[PDB]
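Q: Just passing along the structure, written as structure tokens.
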Amino acid sequence: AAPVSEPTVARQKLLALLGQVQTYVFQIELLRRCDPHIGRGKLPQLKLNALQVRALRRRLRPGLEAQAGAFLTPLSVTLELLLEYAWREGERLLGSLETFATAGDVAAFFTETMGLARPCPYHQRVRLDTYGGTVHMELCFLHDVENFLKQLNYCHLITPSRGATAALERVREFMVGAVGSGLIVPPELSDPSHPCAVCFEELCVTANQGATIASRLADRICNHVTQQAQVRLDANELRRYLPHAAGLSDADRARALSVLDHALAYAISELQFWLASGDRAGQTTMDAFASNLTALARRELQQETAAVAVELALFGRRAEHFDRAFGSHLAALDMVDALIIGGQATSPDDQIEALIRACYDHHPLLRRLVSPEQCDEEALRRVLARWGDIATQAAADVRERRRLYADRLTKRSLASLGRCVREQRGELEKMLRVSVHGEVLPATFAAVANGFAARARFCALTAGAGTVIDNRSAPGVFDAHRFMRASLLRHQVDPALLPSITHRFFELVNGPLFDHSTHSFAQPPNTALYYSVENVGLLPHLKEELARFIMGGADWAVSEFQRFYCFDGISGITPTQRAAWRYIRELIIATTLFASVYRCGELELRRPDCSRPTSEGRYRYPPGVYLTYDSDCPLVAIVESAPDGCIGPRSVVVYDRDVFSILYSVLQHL
Amino acid sequence: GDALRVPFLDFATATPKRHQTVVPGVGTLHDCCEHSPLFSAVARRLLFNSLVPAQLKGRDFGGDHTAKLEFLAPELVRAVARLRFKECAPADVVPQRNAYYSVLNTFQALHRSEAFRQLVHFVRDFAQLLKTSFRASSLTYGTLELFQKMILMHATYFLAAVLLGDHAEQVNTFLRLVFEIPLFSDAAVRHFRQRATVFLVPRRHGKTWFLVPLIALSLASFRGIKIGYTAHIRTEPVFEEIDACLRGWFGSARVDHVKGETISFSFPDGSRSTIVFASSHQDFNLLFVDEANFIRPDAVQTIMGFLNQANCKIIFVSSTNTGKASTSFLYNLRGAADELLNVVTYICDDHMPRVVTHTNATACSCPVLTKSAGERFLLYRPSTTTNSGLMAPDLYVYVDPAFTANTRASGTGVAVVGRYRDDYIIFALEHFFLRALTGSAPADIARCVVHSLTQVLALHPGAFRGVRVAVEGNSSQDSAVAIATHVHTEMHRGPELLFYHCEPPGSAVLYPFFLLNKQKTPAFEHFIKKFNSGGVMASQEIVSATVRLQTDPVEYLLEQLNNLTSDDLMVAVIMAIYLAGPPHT
Amino acid sequence: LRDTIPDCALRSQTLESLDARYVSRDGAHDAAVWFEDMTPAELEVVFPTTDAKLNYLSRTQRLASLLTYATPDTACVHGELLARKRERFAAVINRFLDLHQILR
Ligand SMILES: Nc1ncnc2c1ncn2[C@@H]1O[C@H](COP(=O)(O)OP(=O)(O)O)[C@@H](O)[C@H]1O
Ligand code: BEF
Ligand SMILES: [Mg+2]
Ligand SMILES: [Zn+2]
Ligand SMILES: [Zn+2]
């Protein structure tokens, strides 16, 4: 039990290296805000680390290159993104620090590094390049990359391999710039109101009190592509840490603590412009929020003064970071622009608590708020148990309608009030708390690139290894194709088999992203396709043509002689998908009829997107007739591969564009 | 379990100990690597991917690994095996090794917990029995429907937190993996931990085909945990089916039962978990209420009492018919509840959203404005009389007249709106019905709107410099002009009054009416977007003389608005807001 | 297994020269994956915690993402998103305060 498989030790080494690279890209995102007079001091360390990353992504470059072409994995994708972004930022920061000391300007260095004058590097083009027309969109945000990846998984059965790899490279090049930081997710690219692919998968699964799922995807903040990380920061932070600082002489540390002790001895004015209802004179909630914000401002200003004093004591220089060199642009922002960004000495959680200690005070409703579980419990218990006259009349009716409104707000509508207060609190917390990143983008990117690279790898891997008897070049294959077509266009579909065709059809029209049918808790292909179809918003007049596409001597012979998987005539994204569905239904019904007429062998109508690699470089494509989704060589029949499974010297395969030609060549070879 | 038995990986680093943290499986890393879910959720899954047995990776997962989580190319592994770190700090090597091996020993000790062996023997046995679609095998596939997986999650995430309490985070992650639903926000997984959840399945969709395997495997795998069960008409089929399957795929010497009563499964110990049936009428921990729309009193008391316990999760799986879909006992619960009951419906709220959930239907058996925006709208009203500084100094009033009486569509709609911050707020509403055979319909309508305006003006004195009035003329231009003329005259008894004017086609005359045509679609489109984002609200002291003897005016407006896909008030409100080209004096 | 930091220690020698002379050479072995420590000391006295450092790193990011969107691109759809998000958060916080003012 001593030896562990070498891939496990290599994965542990890669995890350690990913952690180190993440630490390095954190030091980088720190030195992008530090004073240039200190960047010049840390110049040799940054140069050494840049050399390290350069020499690192050359020992892994051929490895990661072979990996991308064979079954990408979230670890490899995250490592590629972090290595590339760390290399980029290392070179850029080194260049921007060496540009400094030629100009000697701090504001210029900050407008360079933090990117204050760059021309919005968060734009990108894709050019999906499907059959029947090439639809091109523009990645701007993160949810846009997620939507494009889901769109590619959906229209996976039309786009070719190389077009998909090109689009995926042009998407990874944007992810390197967006998901490359992996830690702070700049707010220019984040729209949490847009639910990602997993918000739908966790809304289908959780409770839905009526409320069709399309009516719940409007209120969700989606909490997955940009997490919150719940940062907490003490009050007397530096005073706790100054006695035990690293590399400080005891005399200097003592006099620094002395200077600290000695020095320890927002836009509130713009609150009255806010719409504050209720009584104007007296203890109100807006004044309490103003007092809380004033206390937080006092704490932050005190911490800042203490920091300036202790820096003047220890080093003797008032360092200029990105919050002190741009204090002119700061300290002039409105209340909201100071709430969204601010508090280098507090935490967004301190702002949340400063608001909530002002809202919830001295009051029924708070009981429902604090513990909704007991509220639903008591609900279930209750269910189981069961001109002058104008002015005066205006005042009177407004009195008797404010009374009725308050009576409603205290007696009824408590479900709606609880839901609305919870959602408002969530919309606050998601805005204030520090969004770090999510783990959805690399997961979906790997899940889609895996399927596409698997299709390409099967197309390239069954090239030789035996007889490659091709039926796309037709000497007389008409003679043996029309005969088989007439021999299969003769029998009935035997509707006792439709519960199998309706499953082996959705198992092919589906995509490689949403498995949901190979989970070992598998769901039928119905829902496995309903996910990949409803996520990418589909016209309801198309969603029924998925379910009812098999309930019905034609309609399973819609292919021409040589052009089975060929969309030369049609153009678009809906009609191309319709022709793809026609061709796939035709293949399935043809296979079923061939089994129900001839008892030669089994076909099982497999897909190349399956057959995940083993511990190392082994694929073992099993026998059967594959779909391969390739308009240049759609049908590939592996009549017999090998005793082990992998395509070896005895793995005679049959290419063909013509479905019935495959169904005849299988019979001839078996 | 493979990734738990990994050696130290010396892996020296430069970060001070005051910052570094210990991630399992790997050595000691800087603290930032614990804040970024990009690396944390990878170093946390490649480890828990070893506790998951080999029968829960999937149908096609790879040879001997979850190839979509742990796969290194045959060239990247050979190029990685030649990477070597600093490897050491002789004064600092021993503490780091101790910390890493201590965390990994915590994990390994979690691997050996008997209560965890039971949870494994449950989920693995379930995913294995499901391969044969729950046949009578002693121990083409048997795919679960969606709710047949939600019930399993509700049972497993509960029994995990109850039997294994000292491993909340680790077992939570292990179950997230084993259900193949990783990267789930902890709010949902926490929602799975709740008790007293209600299901509503249509008949013949499969509720007893999945319960009795759930019951049998929640019996035979876990130990010492009872299982309640109750139904109205004396449960005998489900009881006999549980007996059959248990004696089938387990030793029939182990099962012991008396007809229509306690079933018990034996064990090497004296655990002997039971299914005591409460249909004929202590600690149960399941109490599978199999029918919850037909209960008789004095039987609801046991269910109301078991709620007082802390270990029971009363699952109200109860069938529906769609001929009695609105069950007198549960479908009312969706009113005042939060993540409690989940219906299994394929024809949703409307008469035909079936095309939406069409592909979601079993294969074997073969609203413009959002509700939240409406609830938020009626639920929160700003007090305009005390926040007047937030209002724009202009009032906009739209009159959508109907010049008939004794008809339901004969109502005249009036709306008085303005800007509030950058949003829109309604100050007044009227849904006015002509008295039959009056001689002065335009003046009656004018008197109605003037009375509304006056009240709004008196409630906010000195707030408004202008009021701009549009009278829709589609019905009758002359009658619309007459209304404007009476409004004009009556208002003559400060704020300036301006009418929208219209130069009808082929005319040079500017009439004080508004013609609603090309601007309808933009107006509606903008409203819908604004309303849905929380940008249109009603004044807390909203005025209405005509909606003051039967219903709340805001509630009434919202009923009309929820018809978007008698509309005089909706049209007036949407158009008054659209108004808020120049109108004049 | 000699480390890279005790390999080269000298004057500026612009980064590409070092890459050419030390690591791009094919005769090397490419050991020593030990990184260095680049965060300074003047940045630890004032932010002495990965939590505080991350909070400051996020505050400056949220400020920079405001200064760049405040030659005539004038649309920069990221700018419109960042204005819509601010104008939504303002209304949401105002209504969250006002509603609890009314609940009394
Ligand atoms: N996804 C499914 N997996 C397994 N059986 C299913 C599925 N969908 C439908 N069935 C079939 O439906 C039947 C279950 O009906 P049952 O649950 O007893 O109905 P009721 O809800 O009226 O008690 C079984 O014949 C079962 O095979
Ligand atoms: F679908 Be049933 F319970 F006859
Ligand atoms: Mg029955
Ligand atoms: Zn999301
Ligand atoms: Zn832009």
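By convention here, the chains of the structure tokens are called A, B, ... in the order presented, each chain's residues are numbered starting at 1, and ligands are numbered starting at 1 in the order presented.
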Skipping near chain neighbours, those fewer than 6 positions away, what residues fall within 9 Å of residue B:193 using only C-alpha atoms, listed as a ChimeraX atom specification?
A: /B:154-161
Q: How would the residues just picked look written out with N, CA and C atoms as an mmCIF file, in the first residue's frame?
A:
```cif
data_model
loop_
_atom_site.group_PDB
_atom_site.id
_atom_site.type_symbol
_atom_site.label_atom_id
_atom_site.label_comp_id
_atom_site.auth_asym_id
_atom_site.auth_seq_id
_atom_site.Cartn_x
_atom_site.Cartn_y
_atom_site.Cartn_z
ATOM 1 N N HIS B 154 -33.083 15.368 -0.084
ATOM 2 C CA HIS B 154 -33.695 15.792 1.167
ATOM 3 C C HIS B 154 -33.523 14.765 2.275
ATOM 4 N N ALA B 155 -33.577 13.476 1.951
ATOM 5 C CA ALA B 155 -33.343 12.439 2.948
ATOM 6 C C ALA B 155 -31.874 12.299 3.321
ATOM 7 N N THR B 156 -30.979 12.319 2.332
ATOM 8 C CA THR B 156 -29.573 12.053 2.596
ATOM 9 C C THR B 156 -28.891 13.224 3.288
ATOM 10 N N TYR B 157 -29.126 14.458 2.830
ATOM 11 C CA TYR B 157 -28.515 15.604 3.489
ATOM 12 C C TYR B 157 -29.015 15.780 4.913
ATOM 13 N N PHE B 158 -30.196 15.254 5.229
ATOM 14 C CA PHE B 158 -30.694 15.313 6.601
ATOM 15 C C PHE B 158 -30.052 14.228 7.458
ATOM 16 N N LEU B 159 -30.141 12.972 7.011
ATOM 17 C CA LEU B 159 -29.566 11.880 7.785
ATOM 18 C C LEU B 159 -28.056 12.019 7.919
ATOM 19 N N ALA B 160 -27.415 12.754 7.010
ATOM 20 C CA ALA B 160 -25.987 13.016 7.148
ATOM 21 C C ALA B 160 -25.721 13.974 8.298
ATOM 22 N N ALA B 161 -26.498 15.054 8.379
ATOM 23 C CA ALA B 161 -26.325 16.011 9.463
ATOM 24 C C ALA B 161 -26.772 15.448 10.802
#
```
Q: Just asking: which residues within stretch 135-215 of chain A are alpha helix (DSSP H) according to DSSP, as a VMD selection string?
A: chain A and resid 142 to 154 161 to 178 197 to 203
Q: Which value, in Å to one decimal, gives the distance between atom CA of residue B:379 and atom CA of residue A:417?
A: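 One can read the atom CA of residue B:379 to atom CA of residue A:417 distance as 6.7 Å.
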Q: Distance table requested - chain B against ligand 2, cut-off 8 Å, only C-alpha atoms and all ligand atoms: one row per qualifying residue with the closest atom pair and its distance in Å to one decimal, ordered by chain and rising residue number, as a tab-separated table.
A:
```
residue	atom	partner	partner_atom_place_in_ligand_line	distance
B:202	CA	ligand 2	1 (F)	7.9
B:203	CA	ligand 2	1 (F)	4.1
B:204	CA	ligand 2	1 (F)	4.3
B:205	CA	ligand 2	1 (F)	7.9
B:319	CA	ligand 2	3 (F)	7.8
```
Q: Could those residues be written to a file, using C-alpha atoms, as a PDB file, in the first residue's frame?
A:
```
ATOM      1  CA  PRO B 202     -49.007  13.866 -10.235  1.00  0.00           C
ATOM      2  CA  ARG B 203     -50.284  10.300 -10.178  1.00  0.00           C
ATOM      3  CA  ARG B 204     -48.568   7.658 -12.345  1.00  0.00           C
ATOM      4  CA  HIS B 205     -45.369   9.751 -12.441  1.00  0.00           C
ATOM      5  CA  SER B 319     -50.098  12.834  -5.018  1.00  0.00           C
TER       6      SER B 319
END
```
Q: Find, counting only C-alpha atoms, the residue in C:91, C:73, C:52, C:10 that gets nearest to chain A.
A: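 Looking only at the distances to chain A, the closest residue turns out to be C:52.
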Q: Do a neighbour search on residue C:81 at 12 Å with only C-alpha atoms, toss out local chain neighbours closer than 6 positions, and write the hits as a ChimeraX atom specification.
A: /A:140-141,187-193 /C:65-66,69,75,87-88
